[PDB]
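**Student:** Following this message is one structure expressed as structure tokens.
Chains as they are written, first to last, in the authors' numbering: chain A, 304 to 354; chain B, 405 to 505; chain C, 102 to 505; chain D, 355 to 404; chain E, 708 to 859; chain F, 557 to 606.
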């Protein structure tokens, strides 16, 4: 049955399918389901000095 | 008698160094004196030994502006030690070098 | 768009921010016919004997006695013997303009790409502190400065010298939420006139009893959520801080003593690390002879330290800048020997009004979730934790002239 | 981690185990190796680091 | 920001079917969407002419001799590691330039750019760039089907 | 202000579908209605100090 083609990306198809079904905020360690993100203040950062 | 530090500046000073100034590209870093590094630029001991340039990221750099660094745009922001997922995917197996999964 | 001098897009200062607020720079003060120097001299050129025939040497420039260059590393707390050593560094002369100012916030614009600041020639200024009267201990390549002090406003001042700085209040100036007030709605003197051509009648008949601005705000909180910042329509909500309007005083989380230590860690508590020599020992008789090739840095007693009490000092910074800074005017005073503008409601007045101490501290209404009785009449959105106004001001830029 | 979080005395100038050395500043004789004391000058210098 | 009027419309029409009725924050945004990831920003930088000699660019070319004096006497020399001990004496600062306040420098130029993360761009093959169908209208057109083209 | 521009967005409807849609909206019974969301009359009344 399985006919893999090099023009296809099945490990990106599963990423976009999962973000459409569920929310990517939850950590479901069974499928090692945990996003890659970044800190919101390291990338674009706000130099407001210091209180 | 007493000594005095600027305490809310030092909490901010260690934030900017450990996150933005630590993850600079290879151009803005230098090895310190009298210490050796591995030959290839992709091993751990080469990234470990290089320390960044002093004051291209400091507590004054672009005051009052929501503005990312002009050299940190093309640097991958997901290779950070603060991504909650990759941190969670590594704590999930353990802390040791050798592990059964 | 010009924002004017009242704009300050950040908190604290951006010049010498690690310095203590009472700290003076190396400078030359004048009071009466007397003139005073205060100086810190890091480098040495030792020059034993009389210190004159090397102070004539080592010619200086605008950048050559560098204020960042000091002692060599790992000198420790070296006691510079004023006999057989000598100091080196920079000061700034008198007969320069501006106002004398502490280290915390002292700015002085450069002149060349090498980093020099002097607007005129450089000169040496010799000072002795011995009991010899024929020795020069420092050289101090002096300087003349135009003396600008931005983003700081003399929290105290006694007549020339012993002043303490403090950074100005953060003042975000940007456009309004949803560009309220950009467009004349409900102004019957000057309205809008959407119509067909042959303008015999327009279809915008706007009354003073209507509010088209607040009607757009309540509609916008019905369609969408209000947390998201949408930069096209300048859609950033004015919010306060939940822990500032209603300060929830819970004390602090105490723990082990947050000690601080000298970096050369071994020392006597009131003396340098005493030098010495190892000892070889004889057994079967009690005689200790000095050994051949050994010098020993020996520290006695325990390590000297100071104690911080960090969460109390961390909380009092939070209560001062967020709660005690935003008082009404009746709980503030003006500092001595400084003068404010004559009107209220300007920037130079509100900058120079500083709060009374005992009204807000880390004990007030302790254990109780209670907003202050004097802070109910104070607008909670005129605050620097207003994330919408912080987002609307930083979306344009950070300087005074913006091409929006 | 990060840079060291130093704390400094509120007066910034110091001798590390003594008060600041008080004295008078003066000129020289300009190719006679002699520095005579001048009037209306006092000073105080730390001579080390902070 | 730098993003154009032509190309912000096609991204909001492809993803959220907006355009021709005013842009708002949409209802249901996904993780790889456009409007939750698009973050515009702006700063202002002085002119750096002959009066202002750009001490930072003189520092990157030769960091061994410092042009740049900020909080000296309270940190290390800025040619070695900042992790080291305090080095100098206290003195005035010459850098950066004050962009705000009473001593604010004139001749300031603004700079705008944006950063987009986790978002492939998209240009839909539709007539009005909306989403009127998965099998789009130009995809079942008799011009593009029943013929053979070759795009560049 | 240095310059100012109005932007609109013309929907590219087919000219047969638009011509059937125009004649329905020229009609009197297909009259477009709108309403202010606040629905209020603003009135301010002075309070003296104290």
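Heads up, the beta-carbon is just placed ideally off N, CA and C, and yes, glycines get one too.
Taking beta-carbon pairs under 7 Å, can you tell me which members of the segment 564-582 of chain F lie near chain E?
**Tutor:** From the segment 564-582 of chain F, only 565, 567 and 568 have a Cβ closer than 7 Å to chain E.
**Student:** For the putative contact between residue 262(C) and residue 200(C), defined by C-beta atoms under 8 Å, what is the C-beta separation to the nearest angstrom?
**Tutor:** One-based indexing of the third chain puts residue 262(C) at position 161. One-based indexing of the third chain puts residue 200(C) at position 99. In fact, because the Cβ distance is near 11 Å, the residues do not count as touching under 8 Å.
**Student:** I believe residue 327(A) touches residue 338(A) by the beta-carbon criterion, under 8 Å. Please report the beta-carbon distance rounded to the nearest angstrom.
**Tutor:** For this step, residue 327(A) is matched to residue 24 along the first chain. For this step, residue 338(A) is matched to residue 35 along the first chain. Yes, they are in contact, since the Cβ atoms of residue 327(A) and residue 338(A) sit about 5 Å apart, within 8 Å.
**Student:** Assuming residue 405(C) contacts residue 458(C) (C-beta within less than 8 Å), just tell me the rounded distance between them.
**Tutor:** For the purposes of this step, residue 405(C) is taken as the residue at position 304 of the third chain. For the purposes of this step, residue 458(C) is taken as the residue at position 357 of the third chain. Between residue 458(C) and residue 405(C) the Cβ distance is about 31 Å, and since that is not below 8 Å, they are no contact.
**Student:** Quick check on the burial criterion: 16 or more other C-beta atoms within 10 angstroms. Buried or exposed for residue 175(C)?
**Tutor:** Here residue 175(C) refers to the residue found at position 74 of the third chain. Flag for residue 175(C) reads exposed.
**Student:** Select from 468(C), 475(C), 136(C) and 493(C) the residue whose C-alpha is nearest the C-alpha of residue 432(C).
**Tutor:** In the third chain, the residue the question calls residue 432(C) occupies position 331. Here the closest residue by C-alpha is 475(C).
**Student:** Using the DSSP secondary-structure output, state which residues sit across from residue 139(C) in a beta bridge.
**Tutor:** Residue mapping note: residue 139(C) aligns to position 38 of the third chain, counting from 1. Paired residues: 128(C) and 398(D).
**Student:** Note down the Cα distance separating residue 151(C) from residue 130(C), rounded to an integer number of angstroms.
**Tutor:** As a position in the third chain, residue 151(C) is number 50, starting the count at 1. As a position in the third chain, residue 130(C) is number 29, starting the count at 1. Approximately 27 Å, taken between the alpha carbons.
**Student:** For the segment 350-408 of chain C, which segments carrying the beta strand (DSSP E) assignment without a break, of at least 3 residues, lie completely within its bounds, in sequence order?
**Tutor:** The qualifying runs are 375-377, 380-383, 388-391 and 397-399.
**Student:** Where do the ends of the alpha helix (DSSP H) carrying residue 306(A) lie?
**Tutor:** Here residue 306(A) is taken as the residue at index 3 of the first chain, counted from 1. Element bounds for residue 306(A): n/a, residue is neither H nor E.
**Student:** For residue 229(C) and residue 799(E), what's the separation of their Cα atoms in angstroms?
**Tutor:** Taking the third chain and counting its residues from 1, the one referred to as residue 229(C) is at position 128. Taking the fifth chain and counting its residues from 1, the one referred to as residue 799(E) is at position 92. Approximately 24 Å, taken between the alpha carbons.
**Student:** Of the choices 444(C), 357(C), 373(C) and 310(C), whose alpha-carbon is the least far from that of residue 430(C)?
**Tutor:** Mapped onto the third chain, residue 430(C) falls at position 329. Of the listed residues, the one whose Cα sits closest to residue 430(C) is 444(C).
**Student:** How would you write the range of the beta strand (DSSP E) that residue 346(C) sits in, first residue to last?
**Tutor:** Counting from 1 along the third chain, the entry for residue 346(C) is found at position 245. Not the beta strand (DSSP E): residue 346(C) falls in the alpha helix (DSSP H), residues 343-346.
**Student:** Is the distance from the Cβ of residue 213(C) to the Cβ of residue 753(E) below 8 Å?
**Tutor:** Indexing the third chain from 1 puts residue 213(C) at position 112. Indexing the fifth chain from 1 puts residue 753(E) at position 46. No, the Cβ-Cβ distance between residue 213(C) and residue 753(E) is not below 8 Å.
**Student:** Just reading off the alpha helix (DSSP H) that residue 767(E) is part of, what are its end residues?
**Tutor:** Locating residue 767(E) in the fifth chain gives position 60, where the first residue counts as 1. 762-768 is the span of the alpha helix (DSSP H), which, as asked, contains residue 767(E).
**Student:** Would DSSP call residue 560(F) helix, strand or coil?
**Tutor:** On the sixth chain, position 4 is the one that residue 560(F) refers to. Coil at residue 560(F), not helix or strand.
**Student:** Beta carbons nearer than 7 Å to chain E: which residues of the segment 143-155 of chain C have them?
**Tutor:** Of all residues in the segment 143-155 of chain C, 143 have a Cβ within less than 7 Å of some Cβ in chain E.
**Student:** When you compare the CB of residue 727(E) with every CB in chain F, is at least one pair closer than 8 Å?
**Tutor:** Against the fifth chain, residue 727(E) aligns to sequence position 20. Chain F, which has a Cβ nearer than 8 Å to the Cβ of residue 727(E), makes this yes.
**Student:** Considering only the alpha carbon of each residue, which of 505(B), 499(B), 409(B) and 419(B) lies closest to residue 342(A)?
**Tutor:** Within the first chain, the letter at position 39 stands for residue 342(A). Per the Cα distances, 419(B).
**Student:** Would you give the residue range spanned by the beta strand (DSSP E) that residue 752(E) belongs to?
**Tutor:** On the fifth chain, residue 752(E) is found 45 positions in, with the first residue counted as 1. Residues 746-753.
**Student:** What are the boundary residues of the alpha helix (DSSP H) that includes residue 715(E)?
**Tutor:** Locating residue 715(E) in the fifth chain gives position 8, counting from the first residue. Note, residue 715(E): alpha helix (DSSP H), 712-723.
**Student:** Mind pulling the chain D residues with CB within less than 8 Å of residue 229(C)?
**Tutor:** In the third chain, residue 229(C) corresponds to position 128, counting from 1. Those are 377, 378, 379, 380, 389 and 391, listed as they occur along chain D.
**Student:** Can you name, in chain order, every residue of its own chain whose Cβ lies under 8 Å from the Cβ of residue 793(E), other than the five neighbours on each side?
**Tutor:** Locating residue 793(E) in the fifth chain gives position 86, where the first residue counts as 1. These residues qualify, in order along the chain: 780, 781, 782 and 783.
**Student:** To the nearest angstrom, how far is the alpha carbon of residue 172(C) from that of residue 806(E)?
**Tutor:** Reading the third chain from its first residue, position 71 is the one you call residue 172(C). Reading the fifth chain from its first residue, position 99 is the one you call residue 806(E). Those two C-alpha atoms are separated by around 34 Å.
**Student:** Compile a chain-ordered list of the residues in the segment 331-343 of chain A whose CB is closer than 9 Å to at least one CB of chain C.
**Tutor:** Residues: none.
**Student:** Since residue 821(E) is in the alpha helix (DSSP H), which residue starts that stretch and which ends it?
**Tutor:** By 1-based counting over the fifth chain, the position of residue 821(E) is 114. Looking at the DSSP string, residue 821(E) is not in any alpha helix (DSSP H); the run it does join, the beta strand (DSSP E), is 815-822.
**Student:** How should residue 595(F) be labelled, buried or exposed, when 16 other C-beta atoms within 10 angstroms of its C-beta is the threshold for buried?
**Tutor:** Locating residue 595(F) in the sixth chain gives position 39, where the first residue counts as 1. Answer is exposed; the Cβ neighbour count stays below 16.
**Student:** Whole angstroms is fine: what's the gap from residue 332(C)'s alpha carbon to residue 711(E)'s?
**Tutor:** In the third chain, the residue the question calls residue 332(C) occupies position 231. In the fifth chain, the residue the question calls residue 711(E) occupies position 4. Approximately 14 Å, taken between the alpha carbons.
**Student:** So the candidates are 391(C), 416(C), 434(C) and 376(C); which of them puts its Cα closest to the Cα of residue 400(C)?
**Tutor:** Counting from one through the third chain, the residue named residue 400(C) turns up at place 299. Considering only alpha carbons, the answer is 376(C).
**Student:** Check this for me: beta carbons of residue 396(D) and residue 381(D), under 8 Å apart or not?
**Tutor:** Indexing the fourth chain from 1 puts residue 396(D) at position 42. Indexing the fourth chain from 1 puts residue 381(D) at position 27. Not in contact: residue 396(D) and residue 381(D) (Cβ atoms no closer than 8 Å).
**Student:** Hey, which unbroken runs of the alpha helix (DSSP H) at 4 residues or more fall wholly within the segment 468-493 of chain C?
**Tutor:** As far as the segment 468-493 of chain C is concerned, it has no whole alpha helix (DSSP H) run of at least 4 residues.
**Student:** Would residue 586(F) pass as an interface residue toward chain C - the criterion being a Cβ-Cβ separation below 8 Å?
**Tutor:** Position 30 of the sixth chain, counted from the first residue, corresponds to residue 586(F). Closer than 8 Å: no.
**Student:** Indicate whether at least one CB of chain B lies closer than 8 Å to the CB of residue 105(C).
**Tutor:** Here the question's residue 105(C) lines up with position 4 in the third chain. Chain B contact via Cβ: absent.
**Student:** Of all the residues that make up the segment 403-422 of chain C, which are near chain A by a beta-carbon distance shorter than 8 Å?
**Tutor:** Within the segment 403-422 of chain C, the qualifying residues are 418, 419 and 422.
**Student:** Which of the three DSSP states, helix, strand or coil, is assigned to residue 777(E)?
**Tutor:** Your numbering for residue 777(E) matches position 70 in the fifth chain. DSSP places residue 777(E) in coil when its eight states are reduced to three.
**Student:** Taking Cβ positions, are residue 311(C) and residue 598(F) nearer each other than 8 Å?
**Tutor:** Position 210 of the third chain holds residue 311(C). Position 42 of the sixth chain holds residue 598(F). Yes, they are a contact pair.
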